[PDB]
Each structure stands twice: as structure tokens, then as C-alpha cells.
Amino acid sequence: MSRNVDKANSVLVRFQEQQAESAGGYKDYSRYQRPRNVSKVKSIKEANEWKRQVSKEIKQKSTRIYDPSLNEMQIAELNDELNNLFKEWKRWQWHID
Amino acid sequence: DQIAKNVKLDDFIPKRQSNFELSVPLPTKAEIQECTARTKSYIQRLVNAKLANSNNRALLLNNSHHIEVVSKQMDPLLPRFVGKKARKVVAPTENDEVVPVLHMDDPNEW
Amino acid sequence: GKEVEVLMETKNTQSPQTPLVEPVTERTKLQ
Amino acid sequence: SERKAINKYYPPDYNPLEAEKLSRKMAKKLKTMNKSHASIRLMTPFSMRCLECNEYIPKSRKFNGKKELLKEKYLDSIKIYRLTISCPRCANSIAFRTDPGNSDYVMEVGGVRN
Amino acid sequence: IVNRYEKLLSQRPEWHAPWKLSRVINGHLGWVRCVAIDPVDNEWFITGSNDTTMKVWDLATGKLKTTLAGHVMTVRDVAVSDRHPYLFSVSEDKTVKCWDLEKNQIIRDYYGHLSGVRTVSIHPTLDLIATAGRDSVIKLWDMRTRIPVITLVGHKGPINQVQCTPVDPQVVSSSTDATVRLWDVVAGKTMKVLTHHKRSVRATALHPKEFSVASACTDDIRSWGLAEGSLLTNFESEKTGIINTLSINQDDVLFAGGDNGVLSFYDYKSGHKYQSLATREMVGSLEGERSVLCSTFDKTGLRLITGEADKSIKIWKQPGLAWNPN
Amino acid sequence: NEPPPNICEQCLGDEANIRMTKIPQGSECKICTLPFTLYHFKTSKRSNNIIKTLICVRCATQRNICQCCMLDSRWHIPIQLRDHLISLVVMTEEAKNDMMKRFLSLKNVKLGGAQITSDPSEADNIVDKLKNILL
Amino acid sequence: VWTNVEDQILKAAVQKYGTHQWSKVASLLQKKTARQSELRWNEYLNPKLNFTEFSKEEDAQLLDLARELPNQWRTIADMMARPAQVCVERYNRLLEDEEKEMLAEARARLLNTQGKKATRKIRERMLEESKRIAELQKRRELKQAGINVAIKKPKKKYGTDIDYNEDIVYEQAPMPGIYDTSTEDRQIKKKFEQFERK
Amino acid sequence: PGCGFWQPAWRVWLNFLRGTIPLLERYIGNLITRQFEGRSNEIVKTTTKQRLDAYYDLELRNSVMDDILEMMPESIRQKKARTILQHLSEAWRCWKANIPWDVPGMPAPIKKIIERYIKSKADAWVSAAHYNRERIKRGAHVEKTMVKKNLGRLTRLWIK
Amino acid sequence: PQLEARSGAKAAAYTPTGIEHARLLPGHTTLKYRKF
Amino acid sequence: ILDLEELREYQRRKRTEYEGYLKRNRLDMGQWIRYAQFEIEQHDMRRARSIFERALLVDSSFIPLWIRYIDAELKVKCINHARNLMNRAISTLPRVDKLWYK
Ligand SMILES: [Zn+2]
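What follows is the structure, given as C-alpha cells:
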């Protein structure tokens, strides 16, 4: 399990995380992938967390896309990615509450 | 005038060059002893202080009013010198008086 | 050359004469 | 605390099978582990030119690549891998495949061998 | 001015005898860049070197008494004490060690110098030594408690010789900044900063009977009473080499060794150079090497001992030169 | 070696005997964040709550203030206010930085105004000027 | 066998590298060997060697040497100041794509005073600059809203060199002290407020 | 099993603990001090086998620079210091190789000084090498790297 | 590169650490003397 | 460099960079003068003055630094301060010709 990722997703760590989730309510919304279809999330806190995560992602995307080699295609691709992120964020701002 | 005051001519001049029989006396024995005592007392004191500081074992007035200073015995478990924490500290030189840096007086070879 | 010449002696010293353990100063105080 | 550590501490209630099951349940949800292009450190055997900026990355030069499994194996039961690299100057994704028929590699829309 | 020159002309210097080579003791396998003698006796003199060793030498015979191997890097300086039977030595390994002489074995490595330490001076009166290195700082040590008691911040570059006087001007430093300082250990500060040199004053020495301190930059040997911290004289050192050593004899016979190896002698206080001596080297060695790096007289003063870069130590036995100023 | 504590008359109390303890490098000064000796006194034996010194002597000297009150040694006014008055007849800029503050503390210049407050000559003159301004 | 372009490249490399560093040079010339490269250099490339012919006297001397140091030919060469093979000879007497590619490579090498750390550092700096400009752009965009510029996160209690004034050294209170300086400073500062405003 | 009589063992352990008391008080105590107030400016120590040589070299360089400074006047000397150092290095390399280090622009005195210091270095180096060889011959805790160096250095010397 | 030579060393005084160094431990408290 | 805040950010960064370069080669004296110049340009006379002073402290025996500082002082038509500086320089170093001439 060299290079840290393996360590992170080693069974023991996972178990610990699960335990934390069970007792006290420590989740790491960084750690899990954000769900595709909203309205399968009855809790508000979770939703908020997800929204926050997406915002963070968007910010990250923004930070990188103004790099100096602007003509490279990665940046262009991200522009679409950025849009997608924005859309997701908007969706997360649903009007149930 | 100020500049003149700051740096004087006799600095540049050697004092023996005029008078040869003039000799600086080897310092008085008593004086020497006194000096030794002073420094010995001081250095000893410093060493004692240092020892005290090391963590291994082995009255006043303000204004007109008189005031008693004390030293309370702190608990022997807690850090002795709770103030200090190995801080970096840049100091100013604070050299207000100006050092006179006096002196006297083929480039292709050198 | 000149250190070798005339009357002035050059001593080549590899080995230390007096032993290694023996003192360079002593402090005897009462028999 | 020391790299050759014999036994990692477990809680007093740690049903190992149960723990494993739990992990599995929370592996589909997991971000890492449920993805492709897992990282790797590799030297470059081909010694090739980055097709965008012509940067001549020579033999044995070290990179933090991404190894990914190619689903279409060679023959039957001997896998082949895509090994992503970036050129030093321009950030173009070079990669290569390991077709073991010739005991060597194949370039994959990254650069050219020379 | 004419008023001073005339006066100088009028005054005469004393006829110090010339100096002839006597002993040469090729024994070290390295520069011999320190030398020292016993205050108490004048039987032996030790000489630290680029060997890493330091060797002890009987004067009379010239024979190598014994070696001492308590450093790693090269010895830069040593100091046998009058008041105790300790030999302090110091090397660019950053170690200021202390040899008992009842047993010829190190005792108290003093620790504190950040880098290569250049000189020691034991305080004539106290049980305290003083050392200074490229650190740019001269630390004083309590020899008992083997700790730096005080330190002397003033200097702005590496500090070479750092003599100890018994009076108030208790340390007489000398840097590459070309200041030579007079300090007050007790005050934790300077008292007077003699800036009169042009370059790195890489040599200085206390006069035995006269409470003054010759000091030498690349050429001009200044010399000064440190009571006030006031100049005494300027020597005729006009085109002599880079002054490495600057020992003073009991009988006012200041010696100066150069990077040239031209042993130059002067009458002290006069400022009158009264001899030059051409160096010598071994048939195998090169003519550039020969250079008196370290030197000192005996307590009597009839023998000058110069450690020269030939891997040698040369001891020197004994019509004066005409004056002619500027 | 250590200098003495600079505690004001109103700071310290109204009594002809106070007992205090010194705690060498007790706390870091609030201005400078640099170890110094805490003096802390109880004023009257039984009157609750101690009065610990919050600043290093050097800093106090620089600002010319009570080591407890943080007020002018002379006029017993907050540093701003006292300095402001002087300005009216230039104020101190404590540099709020990890490293720089310490440096400032160690400097011994009497920052700004402090000199005026210290000297009978200068403080008195300032006061006189102020009076004139008022009238 | 040695081609001329390759030889030229080698020569160039030697001026770039060092006549006692025959690995890099070898690498530069894909076909020729390290130990061979050095030999080649010794033979042809180095200018101080007099590869050209010489007068009859010299020839005579060479022949004499040959007679009196039986074919100890390197020694003879040394004596001459000539190269060996040539001397011996005298005594006896009495594809394109590859080139293009290698040249390109070689040129890139010799010119670029770069590697991992040199290239990386500059690139990093550039990236940082880009980021900074992006930030600025963002703030410009959101100017109608009140926005503050993000500070460089501290690592272990450092100074932000705008405020505080850094480790100040004094003006040094002198004798001819005049109070216009302060006024001047104030005046100077007045202008910068205006600049800020515009 | 079932032999009691733990006394002497117990005694032994107690006595062992005595020694530790001190060591632990320095050690554990030190650690706790560090945790509260964690060291300012430590000084490394060249009496270590590692770092010795480098340190020595540095010292030599410094000395050479000082000598050069002493020698003659300069304006903006910092720049020149580097050059001097480079020259010295080159000289050393030449010596190692047994190339004569002759540079035409080098003025006699400076050049002479450089030569002297390289000779000194050689003396220090050759002797050291010899010592190492002797140690190796004996069987006296030689470092693998050190031994390799000796082999190399000695070879070079032989060639020379 | 940063593999770099040098210009000068240092000597700056901070507050002492109060650490129990091994060598600093007491030893040879008795100083010897000469006969006179 | 549109806004004030932007300028500050830039300036700050520059200062930091200068500091970094100093911390290594404190005894350089080219860097110091550059820093001083930058400060002058920025129209923070205090800062520039401080920098020059610091440089002087590092290397008092360096005439160029002194002269540049003097020039800076004079440049801002701040003659009295400049005069004082000159005097100080003279006091420090008499046997240098140049200061007196200046
Ligand atoms: Zn108060």
C-alpha cells in the first residue's frame, strides 16, 4: 500500500470511518463521490455538505483554468466541466427547503 | 564642526612616536586583584544562574511606596520556566555612536 | 639546503622519545 | 509506529468478516478504489518524443504515471496495460501499452519512438 | 608634518642583537600552524598542526617529547596555562579541548562554537579561557563548569587572535573586519574599537612587561596601550608580506612572520624594523610554500620558535640597521 | 541581571505594605510575546482577584506605562489617548507581527511620546500647551 | 566509422561539456562509443594537436627517433608534439533522416541549460503568476461586491511585509536635524492616496 | 514449573532500574522539555566520521579566500571570491589527475598561494589515505564507502 | 543550482533552551593547579 | 496594477521576494541597493531609508551603498536628511576620498 491512497482505502481505515459515521456522525464528504440524482437525500445536512463539496470543486476548477498555456485543450475541456459543476450546484439549490 | 568633533586628529597619530621613554605601566597589582575579584564574582554568578536555569536536578519599592517581593515554590512537575519556548529573536544593533573607521593614504597584474 | 649547511642542526623526529603514559607536569604534595 | 510493525491495533469489537463486509458496502460509494488510472512510478523504456512540444524524453527517465487496465487482453489470460506519462515542458498526456507478443511496448497516441 | 619627523629623527632605538637560525625540527607531517611554550619552566613547547595532532618538543635537545591525538580536523591554536596544568587546544573541528598534563589526556571538550575555532587565550589570572572562531564571536568559558559564561557580540566577521589581559580590557580580539576590539567581559560589551587597520588583522600579541598589544594587518603593524585603547606606534612594515605571526619578546623585540616567510624583527615601541631574514625550505619542498605561520618566544626571550609551512619548526638564536623614516 | 517592575500608584493599591511574588520568565508579554518575569500582587490580603503584570518591563519603558494598568505612567491615560494629546500639541505604531514586535520591544527608543511623558520638563510643557489650547 | 556532422557535434559538446566527461558526449552521438569518442577527439578534434604536415628537418628527426626507439610510437609522437597514427603513416611513407534528428536533439541539448529542477522551478513560478492574475481578474469581475485579496498562508510565524515595517533600522538622530522631512513624506503620501482612488 | 524464590532476580532488576533512573530523567525529562520548549539553534559536530572531509574542505577554502583578501586591493570582491574558489577547485582537480595547473592570467603570488594550499591538501589527503589503507589491512572498522574511496584514492596515487 | 558555496558563518544569541545535554553533565569539578 | 489592493498585493510579494534573497546572501550589497531603489519607486521613503540603513549595518565599508543612499535622499529633495547622512558617512569613513567630494 505504498503512495498513501492504498493506506487510506485500507480495510482498517474504512472500518474506522464506518464506526465514526455510526457513532457521532463523522462523515467525510470529500471521501465519497457526490451522488448523481438528487432527491435521494432526505436529510438537509447531507445535502448542504454535498453542495459545499461541489462549490469547492468548482473553485478548484476555476483556479486552474486561468493558467498561462491557455491554448491547450485541457483548459477548453474544463470550461465544459466548469459549466457542468455550475449546473450541479444549481440543482443542489433545489426548493424543497 | 560636528563632523570635526566626531573624528579627531590624535586618533591617527601614534603617541609613542614623539616620546620614547614614555611607557605604559603594567597595571597595579592591587588593581589587577580587584579586577579579578569583580570578574570572578560576576562570572561565578553567571554560572550559578545558568545552573539554576538547567532543568536537571543537582525587598523592593515602586515610587515612594515600599513593597515585598517573594518567589513562590511552583509545583515540581510543571515546567520550571513556563515563559520560555525557544523563540527566534532578531535584535537591532542599536549602535548610536559612530565608529571612526580610520586609515592612512600595477592594477593589471593583481 | 641552508638548514642543512653551516653549523645549524636539522633534527628528523618521527618517534616520540619520552613514553605516552608519562606526565608532562607532576603534582607531588607531601610524602 | 515503525515500518516493520508486526500487529496493528484493532478495537475490542472487530468482527473481521463483518468489517470486511462493511468496507465492501462502503467501497462502491468510495471515491478512490472505485476509479481507473491508479498512479504508478515508472521509468520510460521507449525513449521517445512528446508529439506536441517535441521534448525528447530519453530512456530510463522517471515519471509518476497512471497505470490503467486495458479490457481487451492479449490472447486470453495475460493482461496488458496503458501507462500514462506527461511531457516535462508541455502537459500532453503521452502513454503506451505493453503488448507481450514481442516482449516490448506499443505507443498509444502520445509520442513516437526513436 | 615637520614637527614630528624631526623629533623621530632625533630619537634613537636600542641595538637589539640580530637573529640566526639554530634549530630546525622537521617532525610534523603538516603545517605547524600553532606553537606554544610553558609559562612556568621553558622545557617543552607544543605545536598543533594540519597533521591533526599536536606534538610536544623539548627545547634544549629539540627532541619530540610526545604526541597528542585529540582532534579530527586540524589544530588552529593552543595555550598552556600558567595557573593550572592544562593545555587548551582548539581545532577547526569546532572543539575547544582541554588536556590534563598530569595524564596527557583530554578532559573537558567545551562545546558551543558553531564553526571552526581559531584561537584560545587562557585568562592569566582567572580559571577561565576565551575562544573565538569564524563564528564572529569570542566566547569565554568557565573551565570548571565547561560552559560558555558570556559571549562577545560586537564583531562583524571571523575573529582571529583573541588575547587575554588581566586588567579591565580583559580581551583583545582581532577580526577580518580589521577592527581589533577591547572588551569588558563584566559589562557584556565593548569598551574601545581600534579600527586603524586596512585589512584583516590576522595577528596580534600582548607585550609581556608593557601592557600593550601589537597587531598586524596585511602590512602595517600597529601597536597600542589598551589602558585607554589608544595608539602607541606604527612599525616600519612598508612592503613586508601578509603578517601571519606577531609575537613579542620580553626584551622589546617584536617579531613578525609573513606569508613570504621573511622573518622580520623590530624594536618594540620604536617602530623600527631592525632585521629581515630570508626563509628556507627543504630540497623537496617548493619556494612558494615556506612561510612562518605560527611563532612565539620563550619566557626568557633568547629563543624565537617559528612554525613554518615546510612542516618544520625553526628555533632562532641571537650592527643594527639605519633608521630612515618616510 | 534584571530591571525593576514599573507599577503605578493607583494600579498597585492604597496600602503601606503589599506582598508580591516574582515568577521569572513567567509569561510572554502581550505586546512583544517574549518571556519576562511576572510580578503578581494581591493588593489587600483578602480582596479577591490578583493583579498580574501583563507586559515586559522593556515594553512598558518604551510606552511609559504601568505594567498592570497599561496606562501612562504619569497621567494614567490609555496609550492612544495620551499619545493623541501629544500629537495634537505623532503617535506610536505597535507593529502587530510575530517577529517584528519582538524586535520593536528590544529597541530601547521610547517608541513615541513616551520620552515627553517621562521627563518633568517635557510632560509639564505639553500640559501647559494643552491648557493654553483649551483656553 | 565517423561522419563529419557527428564530429562537429562532438566538438561542440566538448566545448559545452569537458574533455574529461566522455559519457554525456557519447550519449549525444547515439552510435559512437564513450571510450571511442575520447579517442576520436584525441585524434582529430582538439586544435592544439598539429595534424598538418611539416618541414624536411622534422621528418628527418622523426625517422631518427624511429631508428633509436624501435617503433615505440606513442613516445615518438609525444617527442614530436604530433599525433601517433599520422606520424606512423609519415614514417611508412618515408542516414540523412538520422542526421536531421540527431542534430535537432544535439542542438536542443547544447542550447538548453536546463533539466528537471531548472525547468520545473521557472514553470512553477509561471503557474503562480498565472494564478495571481486569475485572482485579480476575479476580483475585477466582482468589484461591485466588496472583495479582499487573499494573503499568502503563513507556515511558521512570518511577516507580511506590507504592515509592521519589517526589522527597521533607525534614521539615526543627527546634529543638523530639520523637521521638513516629515512634511515632505506626508506630501509624498498624499499623492499615493490619489493614485489609489484612480 | 513452580520454583518460587524470585529474590535475587528482583534485586538485579532493582539495581538495573537504578542506572535507568538517571538516564530516564535526562532522556524522558529532555523529551518533555522539548515538547514544551523545542530547541533553537543546535550545533553539529565534525568529530563525526561523516561530514568531516567536507568541513575540512570548506575551512581550507575559507583560509585561501582570507589569504587572497590579505594579498591585494579589490573593488567588489565578493564576485571575485567565487572565481578564486573555482580556480582553487580546478587546481585541486589537476593535482588529483596529475595535470600541471598552469594558467597564464594567474598572477605569481595568488597562484603560488593556491599551489601551497593544494600541496597542504595533498599532504593531508595522502596521509589520510595511507592511514585508511593501514586500517583496512588490520581489519579495523572501515566504512564500505570509505574503503571504496581508499581504493580509488590509492589507485590514483599509484597512477601519479 | 543551489549546491552552493558560502560567504560567512553566524553568531546570534537567543533565550537558552534548558535541555540536559549528555556532555554538559558535571565532571572534573576539581581544577588542578601549579605549585607556586 | 489597476486597484490599490492589487498594488499592495504586488508590492508585498516583491518585498517578500527581496527579503528571501537577503536572508541567504545578506552580505551581497547589490541586492540591498536594488531593494532600496524598488522602495523609492514605490514612494515609501521610510521603507527605502530603513533598507539602506540595514545594508550599511551589514557592510559599513562599502562606498557604493553610501553614495546610492545619499543620492536617494537627495532625489526626494530631502536635503537636510541627506546632509545628515553624508555627515554620518564622513564620520564613519574619513580616509575614503569620495564621501567628502560628494
Ligand atoms: Zn497601573
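Residue numbers (PDB author numbering), protein chains in the order written: chain G, 1 to 97; chain K, 32 to 89, 104 to 150, 159 to 163; chain C, 71 to 101; chain D, 2 to 115; chain J, 111 to 428, 438 to 445; chain N, 6 to 94, 99 to 144; chain O, 12 to 105, 144 to 247; chain A, 699 to 858; chain P, 7 to 42; chain S, 37 to 138.
Think of the CB as a built atom: it goes at the ideal place given N, C-alpha and C, for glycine as much as any other residue.
Item: Beta-carbon neighbours of J/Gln-360, restricted to chain K and to distances below 7 Å; Value: Those within 7 Å of J/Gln-360 in chain K number zero; the least Cβ separation is about 12 Å.
Item: Reference D/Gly-111, options D/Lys-60, D/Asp-105, D/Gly-102 and D/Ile-95, closest by Cα; Value: D/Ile-95
Item: Inter-residue Cα distance where the pair is A/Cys-792 and A/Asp-821; Value: 15 Å
Item: Classification of J/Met-164 by the beta-carbon crowding that lies within 10 angstroms, buried from 16 upward; Value: buried
Item: J/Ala-240 in three-state terms, based on DSSP; Value: strand
Item: DSSP three-state assignment for A/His-785, whether helix, strand or coil; Value: helix
Item: A/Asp-765: contacting residues in chain J (beta-carbon distance under 8 Å); Value: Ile-352 and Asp-369
Item: Within-9 Å CB hit, O/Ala-157 to chain D; Value: yes
Item: Sequence-distant residues of its chain with Cβ nearer than 6 Å to A/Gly-736 (five each side left out); Value: none
Item: For J/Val-182 and J/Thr-162, believed in contact at Cβ under 8 Å, the rounded distance; Value: 7 Å
Item: Rounded separation between J/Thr-406 and K/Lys-36 - CA only; Value: 41 Å
Item: The stretch 116-134 of chain K touching the stretch 39-46 of chain N, judged by at least three CB pairs closer than 8 Å; Value: yes
Item: Start-to-end residues for the beta strand (DSSP E) that takes in J/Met-301; Value: 299-304
Item: Exposure of K/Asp-32, with buried meaning 16 or more beta-carbon neighbours within 10 Å; Value: exposed
Item: Min CB distance P/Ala-19 to chain J below 9 Å; Value: yes
Item: J/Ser-225 at chain P interface by Cβ criterion, 9 Å; Value: yes
Item: Contact shell at 5 Å, judged by CB to any heavy atom of ligand 1, ordered along the chain; Value: N/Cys-13, N/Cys-16, N/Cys-71, N/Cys-73 and N/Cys-74
Item: C-beta atoms of J/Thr-389 and J/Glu-418 nearer than 9 Å; Value: yes
Item: Min CB distance K/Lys-129 to chain P below 9 Å; Value: yes
Item: Chain C contact for P/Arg-40 (CB, 9 Å cutoff); Value: yes
Item: O/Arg-46 - containing alpha helix (DSSP H), residue span; Value: 45-51
Item: S/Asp-133 burial status per 10 Å Cβ neighbour count (16 or more: buried); Value: exposed
Item: Interface flag, K/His-148 vs chain S, CB-CB below 9 Å; Value: yes
Item: Three-way DSSP call (helix, strand, coil) for S/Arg-70 in this model; Value: helix
Item: Three-way DSSP call (helix, strand, coil) for J/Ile-269 in this model; Value: strand
Item: Residue(s) in a DSSP beta bridge with D/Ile-58; Value: D/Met-49
Item: Opening and closing residue of the alpha helix (DSSP H) in which A/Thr-731 lies; Value: 705-734
Item: Cα-Cα separation between J/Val-150 and A/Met-763, rounded to whole angstroms; Value: 38 Å
Item: C-beta neighbour in chain D for G/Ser-69, strict 9 Å; Value: yes
Item: For A/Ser-773: DSSP bridge partner residues; Value: Beta-bridge pairing links A/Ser-773 to no other residue.
Item: The stretch 62-71 of chain D contacting the stretch 27-46 of chain G, beta-carbon criterion three pairs below 8 Å; Value: no
Item: Spatial distance of J/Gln-280 from J/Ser-246 (CA atoms); Value: 18 Å
Item: Listed by chain order, chain P residues near K/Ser-116 by CB distance under 9 Å; Value: None at all; the shortest Cβ gap to chain P is about 18 Å.
Item: N- and C-terminal bounds of the beta strand (DSSP E) containing J/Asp-294; Value: 290-294
Item: Strand pairing of J/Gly-417, partner residues [DSSP]; Value: J/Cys-404 and J/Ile-423
Item: Cβ of O/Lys-202 within 9 Å of any chain S Cβ; Value: no
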